[PDB]
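# Report on the structure
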Amino acid sequence: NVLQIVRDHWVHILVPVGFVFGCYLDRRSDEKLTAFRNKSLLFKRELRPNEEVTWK
Amino acid sequence: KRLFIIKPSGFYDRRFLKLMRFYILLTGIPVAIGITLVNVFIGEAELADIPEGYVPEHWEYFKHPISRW
Amino acid sequence: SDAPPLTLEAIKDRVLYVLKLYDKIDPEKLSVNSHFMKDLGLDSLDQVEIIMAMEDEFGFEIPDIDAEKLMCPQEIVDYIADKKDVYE
Amino acid sequence: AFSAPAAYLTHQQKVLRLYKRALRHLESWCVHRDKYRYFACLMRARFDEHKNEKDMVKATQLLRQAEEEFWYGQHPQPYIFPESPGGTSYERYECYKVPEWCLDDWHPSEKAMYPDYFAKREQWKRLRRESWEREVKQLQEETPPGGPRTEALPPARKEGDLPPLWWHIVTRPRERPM
Amino acid sequence: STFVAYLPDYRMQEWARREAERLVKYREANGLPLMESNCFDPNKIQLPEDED
Amino acid sequence: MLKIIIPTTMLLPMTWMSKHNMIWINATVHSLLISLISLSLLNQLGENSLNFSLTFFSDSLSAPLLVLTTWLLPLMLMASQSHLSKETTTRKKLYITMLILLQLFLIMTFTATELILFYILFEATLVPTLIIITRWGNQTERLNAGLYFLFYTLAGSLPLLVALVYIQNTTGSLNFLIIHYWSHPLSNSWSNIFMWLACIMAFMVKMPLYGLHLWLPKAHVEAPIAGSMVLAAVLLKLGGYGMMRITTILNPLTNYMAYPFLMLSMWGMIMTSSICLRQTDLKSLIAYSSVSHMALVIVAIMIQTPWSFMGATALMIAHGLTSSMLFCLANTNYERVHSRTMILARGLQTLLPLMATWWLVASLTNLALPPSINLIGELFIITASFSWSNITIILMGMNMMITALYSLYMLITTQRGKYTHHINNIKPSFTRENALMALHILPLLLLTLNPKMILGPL
Amino acid sequence: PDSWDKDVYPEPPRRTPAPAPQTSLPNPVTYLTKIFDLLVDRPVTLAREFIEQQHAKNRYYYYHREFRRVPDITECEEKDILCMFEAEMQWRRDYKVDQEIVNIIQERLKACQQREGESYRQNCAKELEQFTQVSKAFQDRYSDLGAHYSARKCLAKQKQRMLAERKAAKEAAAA
Ligand SMILES: CCCCCCCCCCCCCCCCCC(=O)OC[C@H](COP(=O)([O-])OCC(O)COP(=O)([O-])OC[C@@H](COC(=O)CCCCCCCCCCCCCCCCC)OC(=O)CCCCCCCCCCCCCCCCC)OC(=O)CCCCCCCCCCCCCCCCC
Ligand SMILES: CCCCCCCCCCCCCCCCC[C@@H](O)O[C@H](CO[C@H](O)CCCCCCCCCCCCCCC)COP(=O)(O)OCC[N+](C)(C)C
Ligand SMILES: CCCCCCCCCCCCCCCCC[C@@H](O)O[C@H](CO[C@H](O)CCCCCCCCCCCCCCC)COP(=O)(O)OCC[N+](C)(C)C
Ligand SMILES: CCCCCCCCCCCC(=O)SCCNC(=O)CCNC(=O)[C@H](O)C(C)(C)COP(=O)(O)O
């Protein structure tokens, strides 16, 4: 019977899906501005024995 | 003698006030209880010196548990 | 509490009480239907004084346009009852 | 307040209104009762001194002079009955007056209380609905062709008629509503 | 309202208060003035040679 | 900050794919969710801004404005569904589409990093507003209002565009961070004076400045309720935001280019407050109130001090909420009696008590009763003006006396006295209207509880 | 208590006189304060003791964040955007710290005025002098920068003041 319920209330995932996609695109945008990661004079730091990058 | 007093309908204003109180309380009583329980059983952090060679996480620079979370 | 619920009988009693204290009206010859000008032989100034005495008795003012028309104790009682929402 | 006004006031009406105003202001000046009675008798004698003047022009001149004297000698703070237009309780209870049509908007739960009162209200509404058209017809008949000339309304004349335009006079809220 | 009320101190008010406390303690201990009218060291500034 | 932009763009097809009798519910629910998401922008720093990308950034000045926009959308939806009941489904969806597009344009306008992108979005906001006014307004004057709304704006903004491109040919950039860091003083020449005027007049006509304000009473009176809400609450603040952004490149010319505008703002604040005392239309009174408050904001921006900037930010937020609430309150009576004449319906406290309480609270916030944020902004601006010149306390003082008067006048005319006898169609207040009033007023006092969130970057 | 540094917020040694009863009548203040103690101060103390016992079982720490020093705006080339950015951030942090220093001094002044009572005009001279000095320094540093302030405008102001002072000194030397 979920067919009618789905075809009546499938418009309720558009905005949450848009929120998730916007978060993903913001992370992708952050990925393109790492030219000074761990390179500023104020925050330059030696890496821990395990961690690869200071922030993502 | 007791006489009828003509007034406007007070039903709808009372209903609105009751509904608003109900919803505000429905979400705000659990929040108050949670805040009190967190404060009692998970207090605030105590300021301390950074131990040598330690790199704290960013949320470790705040003292209240809810703010840290 | 507040003042008692004024009734028609009380209003009529007070109106007649005021009228029998007027020296220009004979008490025995006075009735609730007596006309001020025809039956009692009073002029307009006496009627103005009677209206003012009613106003003093009942503690409120009767406008001139309404006060001109009242000519017997019954009209005065009816006007007072209508003003004060007296039905019994 | 109840009577329909005329087009103008007559000379006798103006004289009587001046007499009442003068006596009221004199009472305002003469606070004590015996003094007021004395000066009120003097004022009545002064008023009826010129009662038998057959010359109307002289009568209106005397009235003019009397009104000028009154305006000069009026009490600046005369006594006003508390519910009179200048009194301290003039419109005190107007905020408690609620028109009857508001009762039509009560929720049915509110109307569940007071069943008999609302049955009587329905009876009154039925009476008004049945009487309206006859009231309108009577007004149409009794009105002169060039429109009404005064604000006086006629009474009911037929077997079971009601005086036209009676609803808002009869269903006044009250003088002390709440 | 609860989320805004418990927002973490990214405005650095408490950090600034603690830094000022340390500065005041040090300067009052060593007898230095609490604040200097110059916020930049004059040895790093080269004024124009001639003012005439 | 695509996590806010994308959900609105998703509101668009969600509205256009909804069932005919679920458009309002879905739009309101997801608008409220978007407002809740946008609440996270209030976490700001003390040194710089949140630089999300090359295109968008968030400051301590724009974040409360974004929160106000996203919060105003659901209130507009709630206020609109009453008078649009007879409308067809397609036209209702088109109206909601206009509202959503306006929100999207405002959101992108408040966060653009470059001045030309800001200009493009700040002009793009014109189309949905004009369509809403001229298509869903009630009277024949709306058409004229639309024209007055359009050209008054464009005659200010076309010079600005020219100036903008000229600046990019001189400094090489219109990025706001680069513009701030590489700032150079403006010399005293005729060319610099006209550049200053080109950079300032568009925002001046947006506020609006006294003498350039005639479009506002027309547009804000003839518009439907949602149009008036968004015109008073957000669209007037575009001028203030743009002025506070653009003034970073105008020093030290402003030091003497502000005199005519300061004189106009102070005297016209007195004048519009006086005009409010003799007004027969209830909506026009609220519009002229907006003009007076915006004159205060203009003075604050022109004197260029940290206290004046904080006061301007607080006043813009507070005025947005208060004026939107007042417009909704007037709209309830208009929907009941179908007339905007203030003295038509009187003694409404006897018939509608809770609505009378809402009226009292709205008029109390209008006259800046302490400790409301209205009063905080007004007092900060007055203190800064006193530092600028001790004589200003005269004019400002007079304003404080007049405002309260007309404010209380409005209340006393509508709620007190005796009810009109022949008006017998005043129904009890609906739950929707009471909820609208509460959702306006509660955030005001909540913001009073924590005023540093609306005090700006200074 | 130990929550704050007592050198940053100093107080006098708190001399208070001993009770010297001269009347056989009882003191209503002492009776009322004994009742207040027994009826208010003890349950609150017990509640605080319970809360502190719960807190002691969960002890965690937060740290004061440390910032190193970067080159100032004086050591930055004219169009070097990155060095200017770092210097401007450092200058803004210093501005906030200076504001908090002024706030501490004002707190001292206000506390002394309340504490000294009727003798405040003479007994608060040192706090007033400290506030005068700090206020003069702060006004020299930061006043009149206006909205849209920056490190460059502060440097220009300091250079202008330095030029005026150098000219005045050389003109007084020629006297
Ligand atoms: C009604 C609706 C109708 C519509 C209306 C519109 C409504 C709109 C609402 C919109 C939403 C609003 C939400 C806002 C969020 C804000 C929350 C927040 O930030 O909380 C702040 C604050 C908590 O701050 P915090 O940062 O979490 O605490 C930091 C510490 O870690 C903590 O310190 P700690 O370690 O000591 O722990 C303390 C702990 C435990 O403390 C104790 O237990 C000790 C207390 C004393 C007891 C000692 C003696 C008693 C016991 C003795 C006897 C038993 C012991 C012995 C047994 C034997 C008996 C003999 O208690 C608490 O945790 C604090 C209480 C939690 C309250 C949280 C508020 C959330 C509200 C959200 C819902 C909003 C809707 C309202 C509905 C709420 C439900 C009604 O909460 C308070 O409000 C505290 C105020 C009380 C202080 C005293 C008042 C001082 C008065 C001074 C002024 C005088 C002038 C006169 C005016 C007086 C009038 C008041
Ligand atoms: C109907 C009946 C009405 C009367 C009956 C009412 C019954 C009692 C209820 C009234 C409560 C009285 C209020 C008294 C204040 C107590 C709460 C206060 O202490 O909390 C404040 C906190 O308040 C919040 O900060 C303010 C609320 C934020 C406002 C945002 C509104 C939500 C968004 C809605 C849309 C936005 C539209 C506007 C756009 C700008 C203090 O903040 P702060 O001093 O720091 O706390 C320090 C400790 N911390 C930091 C660890 C927490
Ligand atoms: C209805 C409201 C609309 C919005 C209001 C907008 C306000 C705009 C007003 C402009 C403010 C000032 C503009 C220019 C600054 C000075 C203007 C001038 O009067 O000052 C003197 C200028 O001297 C003379 O006045 C020459 C100008 C005279 C010709 C201008 C025409 C003004 C007549 C009024 C026309 C109305 C204009 C507005 C139309 C609506 C100063 O002497 P000077 O130091 O040498 O000039 C400074 C510039 N220098 C250094 C490059 C040389
Ligand atoms: C506070 C102090 C101020 C007061 C000062 C006032 C001074 C005024 C005193 C003198 C004024 C006069 O006498 S003015 C004298 C006016 N005289 C006339 O008009 C003669 C014609 N007579 C009539 O019109 C009627 O008989 C009529 C008299 C109306 C009786 O009415 P009735 O018989 O049908 O009831």
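Each chain is numbered from 1 in the order of its written sequence, a scheme that can depart from the entry numbering, and any residue without coordinates is omitted. Just so you know, chain letters begin at A and ligand numbers begin at 1, following the order they were written in. In this entry, the chains presented are a subset of a larger assembly, and the associated values cover only that subset. Hydrogens and waters are ignored; side-chain quantities use all the structure's heavy atoms. Residues with missing side-chain atoms are left out of burial classes, side-chain pairs and their counts.

Going by the header, the method for this PDB entry is cryo-EM, and the resolution given is 2.5 Å.

### Some words on the overall build of chain C
Secondary structure elements are taken from DSSP: a helix is a run of H or I of four residues or more, a strand is a run of E of two residues or more, and numbering for both begins at the N terminus. Check the secondary structure of chain C and you find 4 helices and 0 strands. Taken from the N to the C terminus, the helices and strands of chain C come in the order α-α-α-α. Since a compact globule built from 88 residues should have a radius of gyration of about 12 Å, the 13 Å found for chain C is in line with a globular shape. Across its three principal axes, chain C shows a C-alpha extent of roughly 40 × 30 × 20 Å. For chain C, the share of sequence-separated contacts (at least 6 apart) that also reach a separation of at least 24 residues comes to 57%. Throughout, radius of gyration means the C-alpha value; the globule benchmark is 2.2 Å times the number of residues raised to the power 0.38. The contact criterion used throughout is that any non-hydrogen atoms of two residues lie within 4.5 Å.

### A few points about the site of ligand 1
The near set for a molecule or strand comprises every residue that places at least one heavy atom within 4 Å of it. Lining the immediate environment of ligand 1, one finds 19 residues, of which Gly 28, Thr 36, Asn 39 and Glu 44 of chain B together with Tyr 6 of chain E sit closest. The local environment of ligand 1 is shared, drawing residues from chains B, E and G. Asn 39 of chain B has a polar side-chain atom sitting 2.9 Å from an oxygen atom of ligand 1. A distance of 3.4 Å is found between an oxygen atom of ligand 1 and a side-chain nitrogen or oxygen belonging to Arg 48 of chain G. For the shell around ligand 1, the secondary-structure elements that each account for two or more residues are helix 1 (11-41) of chain B together with helix 1 (28-56) of chain G. Ranked by residue count, the leading element in the shell around ligand 1 is helix 1 of chain B, at 9 residues. Side-chain classes are defined by residue name, with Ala, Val, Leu, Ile, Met, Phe, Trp, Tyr, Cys and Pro counting as nonpolar, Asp, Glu, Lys and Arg as charged, and the others, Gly among them, as polar. Here the residues of the shell around ligand 1 sort into 11 nonpolar, 6 polar and 2 charged. Within 3.5 Å is the distance limit for a polar contact, defined as a pair of N or O atoms, with the added protein rule that one can donate a hydrogen and the other accept it, and that residues adjacent in sequence qualify only through two side-chain atoms.

### Quick look at the interface of chain E and chain G
Reports often express the size of an interface as the amount of accessible area lost when the parts come together. Taken residue by residue, the interface counts 30 residues in chain E and 43 residues in chain G. Counting each side, the surface lost to burial between chain E and chain G is near 3600 Å², with a carbon and sulfur contribution of 58%. The term salt bridge refers to a side-chain nitrogen of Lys or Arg lying within 4 Å of a carboxyl oxygen of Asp or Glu. The interface formed by chain E and chain G contains 10 salt bridges. The tally of links from chain E across to chain G stands at 20 residue pairs in polar contact. Looking at the side of chain E that touches chain G residue by residue, the class counts come to 15 nonpolar, 3 polar and 12 charged. The buried area of a pairing is the accessible area, by a 1.4 Å probe, that goes missing from both parts when the two are put together, added over both.

### Some points on the state of the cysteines
The term disulfide is used for any two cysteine sulfur atoms that are within 2.5 Å. On inspection of all chains with the given rule, the structure shows 1 disulfide over all chains. Two residues share a disulfide in this structure: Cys 112 of chain G and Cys 124 of chain G, whose sulfurs sit 2.0 Å from each other. Judged by the sign of its S-S torsion, about -115°, the cystine formed by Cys 112 of chain G and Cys 124 of chain G is left-handed. Residue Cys 112 of chain G is located in helix 2 (residues 81-116), and its partner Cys 124 of chain G is located in the loop between helix 3 (120-123) and helix 4 (125-142); the two are separated by 12 residues in the primary sequence. Relative accessibility decides the category of a residue: with a 1.4 Å probe and only protein chains considered, values under 20% of the type maximum give buried, values over 50% give exposed, and everything between is partly exposed. Of the residues examined, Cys 112 of chain G reaches a relative accessible area of 1% and is grouped as buried. The exposure class assigned to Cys 124 of chain G is buried, which follows from its relative accessible area of 7%. For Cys 41 of chain D, which is in no disulfide, the shortest distance to another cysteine sulfur is to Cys 30 of chain D and amounts to 12 Å.

### Quick notes on the site of ligand 2
Taken together, 15 residues lie near ligand 2, and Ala 5 and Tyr 6 of chain E together with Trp 71, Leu 446 and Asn 450 of chain F sit nearest. In the model, an oxygen atom of ligand 2 is placed 3.4 Å from a nitrogen or oxygen of the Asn 450 of chain F side chain. Per-residue and other accessible areas follow the Shrake-Rupley method at a 1.4 Å probe size, with only the shown protein chains counted as cover for residues. Protein coverage of the free-state accessible area of ligand 2, which is 1400 Å², stands at 47%. When contributions to the shell around ligand 2 are tallied by element, the ones reaching two or more residues are helix 1 (2-5) of chain E together with helix 3 (62-80) and helix 21 (431-449) of chain F. Within the shell around ligand 2, the residues separate by chemical class into 13 nonpolar, 2 polar and no charged.

### With respect to the pattern of salt bridges
Under the defined criterion, the tally for this structure stands at 49 salt bridges over all chains. We note a salt bridge from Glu 55 of chain C to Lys 20 of chain D, for which the minimum N-O separation is 2.8 Å. Taken together, the positions of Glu 55 of chain C in helix 2 (residues 44-58) and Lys 20 of chain D in helix 1 (residues 11-29) put the pair across two chains. Each member of the pair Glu 55 of chain C and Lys 20 of chain D is classed as buried. Between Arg 176 of chain D and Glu 83 of chain D there is a salt bridge, with the nearest N and O atoms lying 3.7 Å from each other. Remark: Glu 83 of chain D occurs in the loop between helix 3 (56-73) and helix 4 (108-112) and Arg 176 of chain D occurs in the segment after helix 6 (167-170); sequence separation between them is 93 residues. With a relative accessible area of 43%, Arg 176 of chain D lands in the partly exposed category. With a relative accessible area of 30%, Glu 83 of chain D lands in the partly exposed category. It is possible to trace a salt-bridge network through shared partners that takes in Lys 24, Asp 43, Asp 46 and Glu 49 of chain C together with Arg 44 and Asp 48 of chain D.

### Describing helix 9 (residues 190-206) of chain F
Residues and elements named next belong to chain F. Expected helix span is given by 1.5 Å per residue-to-residue step, counting one fewer step than there are residues. Taking 1.5 Å per residue, 17 residues should reach 24 Å; helix 9 reaches 25 Å between its end C-alpha atoms and fits that length. Two axes are fitted around each residue, one to the seven residues ending there and one to the seven starting there, and the angle between them is reported as the bend at that residue. The largest bend in helix 9 amounts to roughly 35° and is located at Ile 200. Considered for burial, the residues of helix 9 that qualify are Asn 192, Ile 193, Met 195, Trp 196, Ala 198, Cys 199, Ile 200, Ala 202, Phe 203, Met 204, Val 205 and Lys 206.

### Examining the nonpolar core
What is meant by a nonpolar core is a set of buried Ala, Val, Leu, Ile, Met, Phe, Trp, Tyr and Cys residues, joined one to another through side-chain atoms within 4.5 Å. Among the nonpolar cores identified, the biggest contains 179 residues, and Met 229, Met 302, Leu 329 and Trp 358 of chain F are the most heavily contacted of them. Listed in part, the 34 residues of the second largest apolar core include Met 35 of chain E together with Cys 76, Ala 151 and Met 162 of chain G.

### Quick notes on the environment of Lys 12 of chain C
Residue and element names in this part refer to chain C. Turning to its location among the elements, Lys 12 is positioned in helix 1 (residues 8-20). When its relative accessible area of 32% is taken as the criterion, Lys 12 is described as partly exposed. With 38 residues separating them in the primary sequence, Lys 12 and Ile 50 have C-alpha atoms 14 Å apart. In contact with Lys 12, not counting residues within four places along its chain, are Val 32 and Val 77. A distance of 3.1 Å separates polar atoms of two side chains, one belonging to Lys 12 and the other to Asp 13.

### A look at the environment of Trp 124 of chain D
Assignment of secondary structure puts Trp 124 of chain D in helix 5 (residues 115-142). C-alpha of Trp 124 of chain D to C-alpha of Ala 7 of chain D: the two residues are 117 residues apart in sequence and 36 Å apart in space.

### Describing the interface of chain B and chain F
Counting residues at the interface gives 9 residues for chain B and 12 residues for chain F. Between chain B and chain F lies a buried interface of about 790 Å² when both sides are counted; carbon and sulfur atoms form 73% of it. Joining chain B to chain F, the criterion identifies 0 salt bridges. At the junction of chain B and chain F, the tally comes to 0 residue pairs in polar contact.

### Here's the deal with the packing of aromatic side chains
Two rings from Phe, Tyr or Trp (for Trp, the six-membered ring) form a pair when their centres are within 6.5 Å of each other. A pair whose planes differ by under 30 degrees is stacked, one over 60 is edge-to-face, and the rest are tilted. By the definition in use, this model includes 41 aromatic pairs over all chains. Seen from their ring centres, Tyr 79 of chain C and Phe 2 of chain D are 5.8 Å apart, and the 75° between their planes marks the pair as edge-to-face. Of the two residues, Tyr 79 of chain C is situated in helix 4 (residues 73-83) and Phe 2 of chain D in the segment before helix 1; the pairing between them involves two chains. The exposure class of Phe 2 of chain D is partly exposed, given its relative accessible area of 47%. Both rings, one in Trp 106 of chain D and one in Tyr 114 of chain D, keep their centres 6.5 Å apart while their planes meet at 55°; by these two values the pair is tilted. Residue class for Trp 106 of chain D comes out buried when judged on its relative accessible area of 6%.

### Quick look at the arrangement of the chains
Here the protein chains form 13 pairs of chains in contact, of which the pair with the most contacts is chains E and G. In this assembly chain C lies apart from chain E, the nearest approach of their C-alpha atoms being 51 Å.

### Re the side chain of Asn 434 of chain F
Along the chain, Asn 434 of chain F turns up in helix 21. Here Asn 434 of chain F is in contact with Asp 13 and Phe 16 of chain B together with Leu 354, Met 355, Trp 358 and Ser 429 of chain F, once residues within four sequence places are set aside.

### Regarding a nonpolar patch on the surface
Judged by side-chain polarity, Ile 24, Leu 25, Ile 29, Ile 33, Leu 37, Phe 41 and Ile 42 of chain B, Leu 442, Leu 446 and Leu 449 of chain F together with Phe 50 of chain G come together as a nonpolar surface patch covering roughly 1000 Å² of accessible area. Mapped onto the nonpolar patch, the elements with two or more residues apiece are helix 1 of chain B together with helix 21 of chain F. For the nonpolar patch, the element with the most residues is helix 1 of chain B, which contributes 6 residues. Turning to its location among the elements, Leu 442 of chain F is positioned in helix 21. Surface patches are defined over residues having more than 30% relative accessible area and no salt bridge, joining like charges when they lie within 9 Å and nonpolar side chains (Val, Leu, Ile, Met, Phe, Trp, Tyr) when within 5 Å.

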